[PDB]
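S.K.:
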RNA sequence: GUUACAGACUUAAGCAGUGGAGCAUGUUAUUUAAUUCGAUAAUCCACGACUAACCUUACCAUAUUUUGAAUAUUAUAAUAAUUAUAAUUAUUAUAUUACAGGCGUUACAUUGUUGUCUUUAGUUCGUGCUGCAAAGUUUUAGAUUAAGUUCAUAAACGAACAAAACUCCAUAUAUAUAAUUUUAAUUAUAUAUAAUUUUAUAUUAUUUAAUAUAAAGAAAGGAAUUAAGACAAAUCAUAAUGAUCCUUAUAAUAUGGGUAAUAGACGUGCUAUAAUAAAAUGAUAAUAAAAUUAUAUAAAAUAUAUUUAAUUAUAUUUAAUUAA
Ligand SMILES: [Mg+2]
Ligand SMILES: [Mg+2]
Ligand SMILES: [Mg+2]
Ligand SMILES: [Mg+2]
Ligand SMILES: [Mg+2]
Ligand SMILES: [Mg+2]
Ligand SMILES: [Mg+2]
Ligand SMILES: [Mg+2]
Ligand SMILES: [Mg+2]
Ligand SMILES: [Mg+2]
Ligand SMILES: [Mg+2]
Ligand SMILES: [Mg+2]
Ligand SMILES: [Mg+2]
Ligand SMILES: [Mg+2]
Ligand SMILES: [Mg+2]
Ligand SMILES: [Mg+2]
Ligand SMILES: [Mg+2]
Ligand SMILES: [Mg+2]
Ligand SMILES: [Mg+2]
Ligand SMILES: [Mg+2]
Ligand SMILES: [Mg+2]
Ligand SMILES: [Mg+2]
Ligand SMILES: [Mg+2]
Ligand SMILES: [Mg+2]
Ligand SMILES: [Mg+2]
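Protein chains in written order, with the working numbering: chain W, 1 to 165; chain U, 1001 to 1288; chain X, 2001 to 2269; chain V, 3001 to 3318; chain B, 4001 to 4048; chain D, 5001 to 5186; chain E, 6001 to 6186.
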C-alpha cells in the first residue's frame, strides 16, 4: 500500500543489454568495450568489491577457472577494489572485433621451398601441399600463433618436434 | 478517452503524469482496441496500477526474478516471519468452519453429537477398564488379515455400568476407543442392595458360562473371577462371592455377568409390590 | 543516505524502529566480519523502550547472540493444526505468477509510454544505392558459435555491371547464383568474430566484381549458365505452379448484391 | 443483432461456469512443472546449465543444516529449488521451513544463512554462483509456516527430524497428529461455492456489458465494464488451489527393530479427486503429462541403523 | 561439468561465522566410529 | 464513476496495438523458443507492446511449427524390456519481425526485451543491414571520432530526475571517451 | 431445469431419476393450466424451475477443402461443362487406377450432375487413393453450396462424411500397431 | 478331473507366419588362461545391452601403483592474488594417521523401480445394524454394463483408493496471427465450442429397453492411466544403503587376449525355395509423412570402376543451413 516510484527508462540503463552482434559501428565499439571489461573481471553480473569487506574479497576468475588440466582445487584469489583495477583492452582484439581485420596466413612461395629441397617437381608438390593446408587452416579456428606453427609444420619449413612442446 | 492534465494530476501522482501524457500523444483518439481471446496480458479485474499492493504485487525490498534493484541493495534482513502475509482479512477460512484423557474427551464429544449424552459426565465420572484385548484374524484371498479386538467395561461407580466391544485392522488403540464408545452407548443401571452387593444369591447361565454369584456381608470383599471383579469395580459392587462353572470365556463372562445383574436380580421393593407384602431387611432395622 | 549502516556513530537521534533496521542491515552486510561498536550499543539501549526489553538484558543479547537468548530463557509444533493463515505451494506459485503478470501490466502502462520519447522516424537507404544485405545473427543469453555467421545477399541485376561482365560474374558465382530469382548470396563462418566474417565476405564480393569487370583476354561469352544446382533444389522442394483456368470462370453465376432496405435507410452519411 | 455480435467479440472471463479462459490465478504455468526453467539454442550449453543447477541444489541442501556450538542442530528443511533462466538473469528460489520481542537484537542462525544468500555485499552466495552461469543470480527463500503446505518439505522433514516416532513403529500420538492436521473440509461444498462465485462474476461482467450497450467491436470505458470488479473482491476467490483436501503419507523400509522384514505403513486422509473439474468449464491438466495439477507427490529417503527407508507424501489441494 | 564448483569445504572459507554441518560426511564418520568400536575397523595399511 | 482511467491502462487491458508497415524493409526478425506456451505468448505480447509504443512496425507472433524430440526407455532398471515408456519435448517457436526502424531504436527495443525477459523463453535475433556494394575502412580515425560522437549523443542524461542508471554502462562510456581508446587504432 | 441443476437445490447426491420425473410431471401439469386462468402464486412457484452461410466467389465457383489419411484436397467446383483437372493436369494422367476416378465422380453421380459441373481439384499430401477420396469429399461439400436441398441426399450416399480412418501409431512393445512379437509359453 | 452363465484373440472361421533349408541374433551345453556378471515357466531367451576392434569391461595373461577420488587432523616449505619491503588469505608440494576404494556376497536385510494377476473390478473408511463370537451386512432378491456402473429391493448411510470422467494425439467448426519471399494459407499454433450424440415412427417384450426405419449432424478411433493384495517374481551390474568380507589387494594404471570359442539342443528373426511373381527401364523427374543436422547435414560439379551416359560405389571439394 504505497506509491509506485517510477524510475524512467534510459539508453544508459539499456546499455550492457545491447546485442553482442549488431550491424552498427557505434554498437560494435560498445560491445568491444563490454568484452574488455568482462576480460578484466569487472563487476558485471555481480555486486562490486569496495573498501568495506577486507578479508572476504574473493573471486573465482583466475587464469584457468573452469578447466581440469591445471592441477588444483577452487582458488579464492582476492579481488581488487573498483579503484586500483586495471583493464586489459588489447589492440589485436579491437582489430578483430571493431574493424574486420583478419590475418589469412601467408602463402609460401616457391623460392623458400627451393632453399631446402633440390628437385623442381618435388618443390612444386610441396608448394601445392602448403597451399592446400593454408585454406583448411583459414577455415578452422585455433589460435594466431599455434595455427601458424601448424601451417609451418605441414609445409615442412619446421619439423614435427616443434608441435610437441 | 483523452483527459486533461489537471484532471489526471488530481487523481494520479506526479511521477506517472508524464508517462500518461506520452501515451495520449502516441495512441490516437480514434482507436479500435481489440479483445485478445487467445492470450490474456491483463488481469480479470480493473486496477489502476499506480498503487503497489502488499500481497498481490512483489515485495519491494525482497530479491526475486524481475527485481529491478542492484545486487547489493535488497531491503530484507529478517527471515523469522513471513514476508507477504494474506491481504484484507487475515484468514482464508471457508464458509462454515472454525479454528481449533484427550481420547476420552473426544469419545465424549462424539457421543454428545450422535446421541445427546452429557460429555462432562463421560469424561469425569465414567472410568473404563479393558477386559479382553485379542488380536484376531480372517483368512482372505489376499491373505491372513489380522484385526485387533477389544472388550472394555466402562462404569460410573454408582450402579451405572456398560460393556462394549470394538475392532480395528489398524492398531489396538483404535479398537479400544471403539470398545469404549460402544460401552458408553450401552450404559445400564444395575440394581444393588445397600449400594455394595447384589440382592439375592443369583445363579445364571449365559451361553457356555454357568455363573454363581452369592451376596456378601459388608467388609467381605470381591471374591470372584477377575473379569467379574473388574466389572464390579466399575459398577460399584464392593462385596461379592461367586464362582464360574463350565466355560470361563472372558468375553462371555463379561456379557453374562452384566446380564445376570440387570435381569436375574430383583430389588426387594419390586418383589414387595408384586406380592403385596412388606419385605424388611432385619440388619437395617437392628442398626447393626 | 544509503551508506548509513556502515557508520554507527551517526544514528542516535533516529527513531527506535529505524535504529533496529540499521543494526540489522549492518549485521547482514558484514556477516562474518561483524565487530561490535559502542555508539551502536548505546543506540540499541535507547531503542529498548520500543520493544519491551530491559537495559541489562539488551546489552547481554548484543554481547552474546543466540547463546545469550538461550540463557535468558521448547515443544515441537511441526504438525500443529491449520489456523488458515498461509497459502500452500501450488497456491503460492499461482500468486507469484499473478504478481509477475501485474508487474508486466504496470511496465506496459507507465514505462512503455516513457520509452516512446526515444523514437525516430525511418531513414530509408534507397535500394538503388544499397542493394547488398549483410544479415547478422545474435543469440541473446547464449554464446552460440553461429553468432559469427554473416550472410551477404544481392540481386545481380542491382549490381552496377555491363551485360557481358554480369554474365561472367554469374559464371564465377556458380552454385551461389540462383537464376530463377536473380540472387547471389554467400555466407562465411571461417573467422572467429562476426565483423571479421562480414569484412571477408565484402572483400570476396569486391574481388568477384573486379574479375567481372576485367574482360582482358577472358570474356566467358561461350560458357552457358550452369543451372543444375537450382533444378536440384527445385526438385527437392514442391511446386504449386498450376492455376484455375480463366475461361472456366463464371462471373454471371456469382452471387449478386442482395438489397437490404433497413441498412440503406440507416446510411444517411 | 449488432449488440449481440459485439458481446460475442468481447465475451471472455475466468473459466468455471457450468467464451472463457483459465487465468494465471486458476492454473499452474507448465514451466512450473520443471525445475530448470530454461531454453537455450545451443543444447550443450543448456545441459551444462541444468547440471550446474543440480549441483547448486546439493550445495544449498548442505548449507541448510546449521550447528550452535555443538549444543543445538537446527535442521532447516528446504524444498527442491526452481531455477528461472531468463535471458538477462538466473533466479533460484525455494520454499523452506524453520522450527515476546526479545529477538530484535541478535541474528538467528537461520537469519544469518538467509542473509548470506543475497545480502553480504561482496561475499554473498549469489555473487559466487554468478561465475558459474555468467549472469546475475538471485536466490529467493520463501518461508512456510507449516510443514504440510509443500509436499517435499513435509516428506523431507519426517525423514530427517521425526526418526524416533517411526523407527521401531509409528507412535500413536504422532499418527493421530498426522491424521488431524486439517479439519476435514467438505471439498464438494467448497468447489461448488467457487463455481457459483465464478458464475456470479461472469454475470456481473455480462450485466456491465449490457449496461454499456444500453462495424467495430469497442464497448464503453474500462471503469464501466469492470464496475464492481476490484483487487479486494475477485483475485482471492479466483485463486484455484487453497485447501489441503486430502493427503496420504507412506513410511516404507526397515522400520521395525524386532522384525527382519520390511513394513509398508500408510496414513490416508480426505480425498484425492477434485470436484471443481467434475462439473464446470475448468478442466484438469497434467504436469509432465502424468500428475494431476492439483496433486503433488514427493519422497525422501534417510538411512537408518537397520538400512535404507523412505517417506512418500502426497497432498491434494482442492 | 565445471570442476570449479562450490563444495562444502569452501558451504568454511567464505562464511566462517556459520557452523555448517555436512550430513553425509558426519554419517560416514559415525559409521567408521561404530566399526572401530565393534572390531570391524579397517586394517592398518602396509607401507614397505 | 468519476475516476479517469487514462489510455495506457485501457491499452494494457485490451489487445496490443500494431503500427502499419510503410515499406517492406525487414530490419530484424526475432524468434522466440520455449518448452511451453503461456510464458512465451505473454512475452511476445509484451514485445509487441513495447514495439508499438515507442515503436517499430512489428508484425506479430507467427507460430512456426513446434518440434518434437522423442525418446523411449525401458521402464525397469533391469530387464522387463517388453514394457517401454516414451518421452517427448516440444520446442515451441514464435516469430516477430520488425519492419521500419532506424537501427538505434531497434537496438533499444532489443535491449529492453532482454532486460525484462521471462523465465522459460529463449530468444534469437536476425538483424539485416542494407549496405552499399563498395565500402572503405581507410578513412578511419575520423570515422571512429564520428562514431564516438554518435554514441555520446545517444547516451546523454537529459534530465536527472531519478532516472534509471547503470554503473557498467557509465564505465563503458568513460572508456569510450578516453584518449587511450582514441589512440588504439593508430 | 436439468436433473443436475435440480440436484443442487433439491436432494443433491440423494436425488433419484424417479423423483426428478415426478417433479417434472408436477411442474408440467401446473404449467398446462390455461394461461388466462393461471395465478400469480403458481407462476412464482414455477419461476424457480425455468432455465455462417456459404456462397460462391467473385468468379462463381464453390471452394471446398476435403481430407483423408494425410491427404488434403482444395477443390474449385464451377457451373461450366463437366471437365476435370487434378493438380494442374488431366484426370486420367493423375489417377491411374479407375477406382479413384469412379470415387471422385460419385458425388456428381449420386446427383444427376456429372457433365454439368467443371471441377478444378488441387491435392497435397498422402497417396493416390487417399488423395482421390479427399477430392471426392471436397466435391460433395462444394456441390452442397450449389443446391442445399441435395445435402441430405449426399449425406445419405456417404460422401459428406469425413472418413476418419487414421493410421494407428506403432506402440512400444508391439512390432506394428497391433502386430505383437511371438509369444512363447514353453 | 463342479452346476450355470458371462468374459477375449480364449476357441472357431479367416489372413500371414513359426516348425524343414541356409544365414543373423540370444540362450544352453561343453570348451577355454579368460569365454565377465546377471535374466533362465506363464511373468528368460535382438532380455539388462539404443551399436563388445582399443575403450566400453566388469573376465584372463604380463607388467607396475600403495592415503591412493574424498573429508578431517598435525606440520615444515614455495608461489600467487590483495593491501600500505612487511602482512592476510588462497593454493600447491612432502609427509601424517583415521581412512578412501571394492561390478566382492546376500533384492530370503533394504530403497526406488519394474514384471505377472491388471484397464482386470475389485479394495477399504467412519458410522450404524445382525451374530456369544471369528465374522456378516454395506459389497444384492431382480436385472444390466466394458465396469462395485446404473436402476430397483433391501439394516443400512456415506466415503477413498480404484472404474468412468477431466488429460494427450487425431477430427469438425469458429476467432486470432502470418505484409502469402522462412509459404505449405491445400498450411502452423494459441484460444474456444462440439457428443459417454440427439430426435421421432413402428415392432417384440414389459413407464421403459432391444431391433428396424427415418432426419440431424464432420462426428469414427488410438495413447497415457494397469487399485489393493499376492508371487520372499526381477534388479546390490543405473544408483544408493544395512550386515558381512578384501585393505601391497577382492583397491589402481598400462600392453595384448577374451566377451565373437563349437558336438548336439532351444528360442526369436532375416533371406529364400520363380509366372495371381521375379528382374531392366520410366528427367517437363506419379504420389507421402514423421524427424535429424555447432561432438554437424553435406548439395551441385569433376575423376576412377565403365566408351558413350545413366545407374550403383568410392575419391576429389564444400555450395547452402545450424533451419517452416
Ligand atoms: Mg487361432
Ligand atoms: Mg531346428
Ligand atoms: Mg529354420
Ligand atoms: Mg551380482
Ligand atoms: Mg551369460
Ligand atoms: Mg575388480
Ligand atoms: Mg567400505
Ligand atoms: Mg556400487
Ligand atoms: Mg524379493
Ligand atoms: Mg524391491
Ligand atoms: Mg454384540
Ligand atoms: Mg461384490
Ligand atoms: Mg464382505
Ligand atoms: Mg480411467
Ligand atoms: Mg502460399
Ligand atoms: Mg496392484
Ligand atoms: Mg527369490
Ligand atoms: Mg536372481
Ligand atoms: Mg550393497
Ligand atoms: Mg584386481
Ligand atoms: Mg586392457
Ligand atoms: Mg554377446
Ligand atoms: Mg525379444
Ligand atoms: Mg522369384
Ligand atoms: Mg552430389
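Positions of the beta carbon are idealized from the N, C-alpha and C atoms, including for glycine.
(1) Taking only heavy atoms of ligand 23 into account, decide whether any of them is closer than 7 Å to the Cβ of residue 6181/E.
(2) Is residue 1051/U buried or exposed, if buried means 16 or more other CB atoms sit within 10 Å of its CB?
(3) Taking the alpha carbon of residue 3101/V as the point to measure from, which residue in 2182/X, 2192/X, 2084/X, 2069/X has its own alpha carbon closest?
(4) Is any beta-carbon of chain X found at less than 8 Å from that of residue 1007/U?
(5) The region 93-106 of chain W: which residues have C-beta closer than 9 Å to a C-beta of chain B, in chain order?
(6) Could you work out which residue in 141/W, 32/W, 56/W is closest to residue 102/W when comparing CA atoms only?
(7) Can you give me, in chain order, the residues of the region 3061-3079 of chain V that have a beta carbon less than 8 Å from any beta carbon in chain B?
(8) Under 8 Å, Cβ to Cβ, is there at least one residue of chain B near residue 45/W?
(9) Using Cβ-Cβ distances below 9 Å, what residues of the region 3124-3154 of chain V are close to chain D?
(10) What residue does the alpha helix (DSSP H) around residue 2098/X start on, and which one ends it?
(11) Have a look at 2187/X, 2180/X, 2136/X, 2213/X and flag the residue whose alpha-carbon is nearest the alpha-carbon of residue 2169/X.
(12) Measure the alpha-carbon distance for residue 2197/X versus residue 2035/X and round it to whole angstroms.
(13) Report the residue from 123/W, 125/W, 127/W, 152/W whose alpha carbon sits nearest the alpha carbon of residue 137/W.
(14) Hey, quick one: how far does the beta strand (DSSP E) through residue 5078/D stretch, first residue to last?
(15) What is the C-beta distance between residue 1199/U and residue 1139/U, in whole angstroms, given that I count them as a contact (C-beta under 8 Å)?
(16) Run through DSSP, which three-state label would residue 2027/X get?
(17) Where does residue 5094/D land, buried or exposed, given buried means 16+ other C-beta within 10 angstroms?
(18) Looking only at its chain, what residues have a beta carbon closer than 7 Å to the beta carbon of residue 5136/D, apart from the 5 residues adjacent to it on each side?
(19) Under the DSSP definition of a beta bridge, which residues are partnered with residue 4024/B?
(20) Do residue 1152/U and residue 1190/U have their C-beta atoms within less than 8 Å of each other?
(21) Nearest chain U C-beta to residue 3192/V closer than 8 Å, yes or no?
(22) For residue 42/W and residue 114/W, I'd like the C-alpha separation in whole angstroms.
(23) Kindly indicate the opening and closing residues of the alpha helix (DSSP H) around residue 1181/U.
(24) Please decide whether residue 2107/X counts as near chain D, where near means a Cβ-Cβ distance under 8 Å.
(25) Take residue 3230/V as the anchor and find which of 1186/U, 1160/U, 1047/U has the nearest alpha-carbon.
M.R.: Here's the rundown:
(1) yes
(2) exposed
(3) Minimum Cα distance to residue 3101/V is reached at 2069/X.
(4) no
(5) From the region 93-106 of chain W, no residue has a Cβ closer than 9 Å to chain B.
(6) 141/W
(7) 3062, 3063, 3065, 3066, 3067, 3068, 3069, 3073
(8) no
(9) Listed in chain order, the positions of the region 3124-3154 of chain V with a beta carbon within less than 9 Å of a beta carbon of chain D would be empty, since no residue qualifies.
(10) Per DSSP, residue 2098/X belongs to the alpha helix (DSSP H) from 2089-2110.
(11) 2213/X
(12) 57 Å
(13) 152/W
(14) Neither: residue 5078/D is in no beta strand (DSSP E) and is coded neither H nor E.
(15) Not really, about 47 Å apart at Cβ, beyond 8 Å.
(16) helix
(17) buried
(18) none
(19) The partner list for residue 4024/B (beta bridge, DSSP) is empty, contrary to what the question assumes.
(20) no
(21) no
(22) 52 Å
(23) 1172-1185
(24) yes
(25) 1047/U
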